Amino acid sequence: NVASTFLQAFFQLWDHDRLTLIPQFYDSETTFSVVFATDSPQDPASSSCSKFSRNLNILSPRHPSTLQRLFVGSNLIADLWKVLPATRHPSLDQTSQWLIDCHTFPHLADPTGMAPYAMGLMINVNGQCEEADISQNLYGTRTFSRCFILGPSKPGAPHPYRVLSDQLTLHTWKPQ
């Protein structure tokens, strides 16, 4: 199971050494997205994304009830990831915590040009984690859904597969 192998490594790194993930799996073609709500009072990630978008003037005003999405190109991924809260994810060994779906996506082009089509992998992850922001002194449990789109990597890549798209949706944050 490639998804389990990828997610086990991905989330362990995401907790302790996330920036390592970018050179390994991410490239110039990749896009990263975060969906969050402005309404939440004690949400650390929402404030982090909100401040980040404002600083780079990326933010576009919407109704408070309306959901907000922040998407960044390859150059901005590292800086955005830095700002996001520290997280501790439960091991995938605990089946109750994670719901993982892995599906083939045979619509991708072949970078080599050797074959007409290239095999693509789509990974959807439902999980929970412990989000802590020390500077704010905010601690809580997060509910999230994350979607990965995997395709064949470009030449000189560390790994055979790369992340074409990464979409993170922040649903609920429970204090203490």
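Residue numbers here begin at 1 and follow the sequence given.
Q: Could you settle it for me: does 58-66 or 146-154 have the higher average Cα B factor in the PDB entry?
A: According to the PDB entry, the answer is 58-66.
Q: Pick between 129-137 and 28-36: the one whose mean CA B-factor in the entry is higher.
A: Mean CA B-factor is higher for 129-137.
Q: How does the C-alpha B factor of residue 87 compare with the rest of the chain: lowest, middle or highest third?
A: Its C-alpha B-factor belongs to the lowest third of this chain's values.
Q: Quick check for you: using the entry's CA B-factors within this chain, is residue 118 in the lowest, middle or highest third?
A: Ranked within chain, residue 118 CA B lands in the highest tercile.
Q: According to the PDB entry, is the CA B factor of residue 172 in the bottom, middle or top third of its chain, that is, lowest, middle or highest?
A: Its C-alpha B-factor, which the entry lists for residue 172, ranks in the middle third among residues of this chain.
Q: Taking the chain's C-alpha temperature factors as the reference, tell me which third residue 93 falls into: lowest, middle or highest.
A: CA B-factor rank for residue 93: highest third.
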